[PDB]
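Below: the structure, in structure tokens.
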Amino acid sequence: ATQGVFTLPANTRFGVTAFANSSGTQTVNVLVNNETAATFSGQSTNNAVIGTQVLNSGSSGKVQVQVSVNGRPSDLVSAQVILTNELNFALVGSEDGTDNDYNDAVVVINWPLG
Ligand SMILES: [Ca+2]
Ligand SMILES: [Ca+2]
């Protein structure tokens with residue numbers, strides 16, 4: 001199944017933050033309405049924050065996370081969780097190798113902000 005694609009409420013600010021846990025240098029692309037809105041890159045095996053940013057979901061609300069290592073797409077896992085019908089997390093893990101820890105880049109999207 002498709003992973004890393006989320007429908008947000010339209011025209012809403014959201015946070016996106018990425019962590020790295022891999023020997024591979026991670027590139028995280030965040031698309032809003034099928035256009036790149038943010039790109040994080042970094043390398044860490046200790047959960048370093050490789051990027052954090054505030055974006056707007058725009059008129060479509062469509063947000064897609066992509067993860068690659070030197071141009072090679074990682075395999076993604078994702079879900080969305082809502083707490084007390086208000087607080088939203090869109091969660092992404094990614095696997096660039098064979099050990100299947102799926103933490104090689106970890107991406108957290110959260111909304112609402114403010
Ligand atoms: Ca891995
Ligand atoms: Ca890892």
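Residues are named by chain letter and number: chains run A, B, ... in the order of the structure tokens, numbers start at 1 in each chain, and ligands are numbered from 1 in the order shown.
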
Can you tell me which residues surround residue 24 in chain A at a distance of at most 10 Å, considering only C-alpha atoms, apart from same-chain residues fewer than 3 positions away, and format the answer as an mmCIF file with N, CA and C atoms, in the first residue's frame?
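That gives us around27.cif:
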data_model
loop_
_atom_site.group_PDB
_atom_site.id
_atom_site.type_symbol
_atom_site.label_atom_id
_atom_site.label_comp_id
_atom_site.auth_asym_id
_atom_site.auth_seq_id
_atom_site.Cartn_x
_atom_site.Cartn_y
_atom_site.Cartn_z
ATOM 1 N N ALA A 20 17.582 11.053 11.966
ATOM 2 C CA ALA A 20 18.365 10.070 11.224
ATOM 3 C C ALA A 20 18.951 9.022 12.165
ATOM 4 N N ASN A 21 18.894 7.747 11.737
ATOM 5 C CA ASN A 21 19.450 6.607 12.481
ATOM 6 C C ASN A 21 19.984 5.596 11.463
ATOM 7 N N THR A 27 18.032 11.827 2.774
ATOM 8 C CA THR A 27 17.395 12.984 2.157
ATOM 9 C C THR A 27 15.894 12.823 2.308
ATOM 10 N N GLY A 42 20.887 14.818 6.133
ATOM 11 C CA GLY A 42 21.869 14.689 7.196
ATOM 12 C C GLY A 42 22.185 13.231 7.432
ATOM 13 N N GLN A 43 23.219 13.010 8.239
ATOM 14 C CA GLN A 43 23.650 11.659 8.579
ATOM 15 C C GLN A 43 23.878 11.563 10.078
ATOM 16 N N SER A 44 23.313 10.528 10.690
ATOM 17 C CA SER A 44 23.483 10.313 12.121
ATOM 18 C C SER A 44 23.056 8.893 12.449
ATOM 19 N N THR A 45 23.726 8.292 13.436
ATOM 20 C CA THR A 45 23.265 7.045 14.032
ATOM 21 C C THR A 45 22.790 7.255 15.465
ATOM 22 N N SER A 68 15.109 9.113 0.592
ATOM 23 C CA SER A 68 16.053 8.394 -0.249
ATOM 24 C C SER A 68 17.451 8.507 0.340
ATOM 25 N N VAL A 69 18.302 7.561 -0.037
ATOM 26 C CA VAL A 69 19.718 7.595 0.308
ATOM 27 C C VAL A 69 20.478 7.644 -1.006
ATOM 28 N N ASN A 70 21.135 8.776 -1.264
ATOM 29 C CA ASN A 70 21.888 9.006 -2.496
ATOM 30 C C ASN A 70 21.054 8.672 -3.733
ATOM 31 N N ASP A 96 16.451 1.839 4.591
ATOM 32 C CA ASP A 96 17.366 1.950 3.463
ATOM 33 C C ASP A 96 18.187 0.685 3.247
ATOM 34 N N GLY A 97 17.993 -0.343 4.073
ATOM 35 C CA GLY A 97 18.837 -1.525 4.006
ATOM 36 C C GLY A 97 18.051 -2.800 4.221
ATOM 37 N N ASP A 104 15.596 4.626 9.779
ATOM 38 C CA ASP A 104 16.779 5.204 9.152
ATOM 39 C C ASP A 104 16.600 6.696 8.921
ATOM 40 N N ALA A 105 15.421 7.096 8.461
ATOM 41 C CA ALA A 105 14.915 8.444 8.670
ATOM 42 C C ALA A 105 13.549 8.307 9.322
#

Using only C-alpha atoms and all ligand atoms, find each residue with an atom at most 7 Å away from ligand 1 and format the answer as a ChimeraX atom specification. /A:22,95-104

Neighbouring residues of residue 82 in chain A were defined as those with any atom within 12 Å, considering only C-alpha atoms; residues of the same chain fewer than 5 positions away were excluded. Please report them as a PyMOL selection string. chain A and resi 8+87-91+109-112

In Å, with one decimal, what is the gap from CA of residue 14 in chain A to CA of residue 58 in chain A?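 Result for CA of residue 14 in chain A versus CA of residue 58 in chain A: 10.5 Å, one decimal.
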
If you run DSSP on the backbone, which residues of range 10-72 of chain A are strand (DSSP E), as number ranges by chain? A: 13-32, 35-56, 62-69, 72

Output the selection as a compact mmCIF listing (two decimals), in the first residue's frame - N, CA and C atoms for each residue.
# COMPACT_ATOMS: atom_id res chain seq x y z
N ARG A 13 -1.27 25.34 9.11
CA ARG A 13 0.15 25.19 9.40
C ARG A 13 0.41 23.85 10.07
N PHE A 14 1.52 23.22 9.69
CA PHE A 14 1.93 21.99 10.34
C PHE A 14 3.45 22.00 10.50
N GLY A 15 3.92 21.24 11.48
CA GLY A 15 5.34 21.06 11.70
C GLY A 15 5.78 19.76 11.05
N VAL A 16 7.00 19.76 10.51
CA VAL A 16 7.62 18.54 10.02
C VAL A 16 9.05 18.49 10.53
N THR A 17 9.44 17.36 11.11
CA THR A 17 10.74 17.19 11.74
C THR A 17 11.26 15.81 11.36
N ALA A 18 12.55 15.73 11.04
CA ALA A 18 13.16 14.46 10.65
C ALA A 18 14.34 14.13 11.54
N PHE A 19 14.48 12.84 11.84
CA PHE A 19 15.57 12.26 12.62
C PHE A 19 16.27 11.21 11.77
N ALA A 20 17.58 11.05 11.97
CA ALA A 20 18.37 10.07 11.22
C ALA A 20 18.95 9.02 12.16
N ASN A 21 18.89 7.75 11.74
CA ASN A 21 19.45 6.61 12.48
C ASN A 21 19.98 5.60 11.46
N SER A 22 21.09 5.93 10.80
CA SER A 22 21.61 5.08 9.74
C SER A 22 23.01 5.52 9.36
N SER A 23 23.81 4.58 8.86
CA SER A 23 25.07 4.96 8.22
C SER A 23 24.82 5.73 6.93
N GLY A 24 23.66 5.56 6.31
CA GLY A 24 23.38 6.25 5.06
C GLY A 24 22.92 7.68 5.30
N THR A 25 23.45 8.60 4.50
CA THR A 25 22.99 9.99 4.53
C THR A 25 21.57 10.06 3.99
N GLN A 26 20.65 10.59 4.81
CA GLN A 26 19.23 10.62 4.50
C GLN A 26 18.86 11.93 3.81
N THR A 27 18.03 11.83 2.77
CA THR A 27 17.39 12.98 2.16
C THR A 27 15.89 12.82 2.31
N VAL A 28 15.26 13.77 2.99
CA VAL A 28 13.83 13.76 3.24
C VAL A 28 13.21 14.89 2.43
N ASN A 29 12.29 14.55 1.55
CA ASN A 29 11.57 15.54 0.75
C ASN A 29 10.12 15.59 1.22
N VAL A 30 9.62 16.80 1.43
CA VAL A 30 8.24 17.02 1.86
C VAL A 30 7.53 17.73 0.73
N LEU A 31 6.53 17.08 0.14
CA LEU A 31 5.76 17.65 -0.96
C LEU A 31 4.41 18.10 -0.43
N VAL A 32 4.01 19.31 -0.81
CA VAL A 32 2.66 19.81 -0.57
C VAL A 32 2.05 20.06 -1.93
N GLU A 35 4.29 19.35 -4.93
CA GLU A 35 5.45 20.20 -5.17
C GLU A 35 6.32 20.24 -3.92
N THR A 36 7.63 20.15 -4.11
CA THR A 36 8.56 20.16 -2.99
C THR A 36 8.40 21.45 -2.18
N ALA A 37 8.14 21.29 -0.88
CA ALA A 37 8.04 22.41 0.04
C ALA A 37 9.16 22.45 1.07
N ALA A 38 9.83 21.32 1.32
CA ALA A 38 10.97 21.30 2.22
C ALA A 38 11.82 20.09 1.88
N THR A 39 13.12 20.20 2.19
CA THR A 39 14.08 19.13 1.97
C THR A 39 15.08 19.16 3.12
N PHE A 40 15.23 18.04 3.82
CA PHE A 40 16.21 17.88 4.88
C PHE A 40 17.24 16.84 4.45
N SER A 41 18.50 17.06 4.80
CA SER A 41 19.52 16.05 4.57
C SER A 41 20.47 16.02 5.76
N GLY A 42 20.89 14.82 6.13
CA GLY A 42 21.87 14.69 7.20
C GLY A 42 22.19 13.23 7.43
N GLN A 43 23.22 13.01 8.24
CA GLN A 43 23.65 11.66 8.58
C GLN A 43 23.88 11.56 10.08
N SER A 44 23.31 10.53 10.69
CA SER A 44 23.48 10.31 12.12
C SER A 44 23.06 8.89 12.45
N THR A 45 23.73 8.29 13.44
CA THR A 45 23.26 7.05 14.03
C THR A 45 22.79 7.26 15.46
N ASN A 46 22.57 8.51 15.86
CA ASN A 46 22.17 8.84 17.23
C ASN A 46 20.93 9.72 17.26
N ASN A 47 20.02 9.56 16.28
CA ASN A 47 18.72 10.23 16.28
C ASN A 47 18.84 11.75 16.16
N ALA A 48 19.90 12.25 15.53
CA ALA A 48 20.03 13.69 15.38
C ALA A 48 18.87 14.26 14.57
N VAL A 49 18.41 15.44 14.96
CA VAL A 49 17.45 16.17 14.15
C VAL A 49 18.16 16.67 12.90
N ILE A 50 17.76 16.17 11.73
CA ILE A 50 18.36 16.65 10.48
C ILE A 50 17.55 17.76 9.84
N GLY A 51 16.38 18.08 10.38
CA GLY A 51 15.63 19.23 9.91
C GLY A 51 14.32 19.39 10.66
N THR A 52 13.86 20.63 10.78
CA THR A 52 12.54 20.90 11.33
C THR A 52 12.05 22.20 10.72
N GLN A 53 10.76 22.26 10.41
CA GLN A 53 10.26 23.40 9.65
C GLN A 53 8.75 23.48 9.82
N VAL A 54 8.22 24.69 9.65
CA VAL A 54 6.78 24.92 9.65
C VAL A 54 6.34 25.15 8.21
N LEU A 55 5.33 24.40 7.77
CA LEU A 55 4.79 24.52 6.42
C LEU A 55 3.30 24.81 6.47
N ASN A 56 2.74 25.14 5.31
CA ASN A 56 1.30 25.29 5.17
C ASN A 56 0.76 24.22 4.24
N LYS A 62 -2.84 18.04 0.67
CA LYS A 62 -2.09 16.81 0.42
C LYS A 62 -0.62 17.00 0.79
N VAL A 63 -0.11 16.16 1.69
CA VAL A 63 1.28 16.21 2.12
C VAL A 63 1.88 14.83 1.91
N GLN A 64 3.04 14.78 1.26
CA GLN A 64 3.71 13.52 0.99
C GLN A 64 5.17 13.60 1.42
N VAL A 65 5.62 12.59 2.15
CA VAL A 65 7.01 12.48 2.58
C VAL A 65 7.71 11.45 1.72
N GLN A 66 8.90 11.78 1.22
CA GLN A 66 9.74 10.84 0.51
C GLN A 66 11.10 10.80 1.18
N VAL A 67 11.71 9.61 1.20
CA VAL A 67 13.03 9.43 1.80
C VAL A 67 13.89 8.63 0.83
N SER A 68 15.11 9.11 0.59
CA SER A 68 16.05 8.39 -0.25
C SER A 68 17.45 8.51 0.34
N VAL A 69 18.30 7.56 -0.04
CA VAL A 69 19.72 7.59 0.31
C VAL A 69 20.48 7.64 -1.01
N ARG A 72 18.43 6.73 -3.95
CA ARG A 72 17.74 5.44 -3.90
C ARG A 72 16.58 5.53 -2.93

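CA of residue 2 in chain A to CA of residue 93 in chain A spans 13.1 Å [interatomic distance, one decimal].
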
Calculate how many Å separate CA of residue 57 in chain A from CA of residue 33 in chain A, rounding to one decimal.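 Atom-to-atom, CA of residue 57 in chain A to CA of residue 33 in chain A, that is 8.0 Å.
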
Using only C-alpha atoms and all ligand atoms, which of the listed residues (A:74, A:79, A:5, A:86) sits closest to ligand 2? A:74

Counting only C-alpha atoms and all ligand atoms, which residue out of A:3, A:12, A:78, A:94 sits closest to ligand 2? A:94
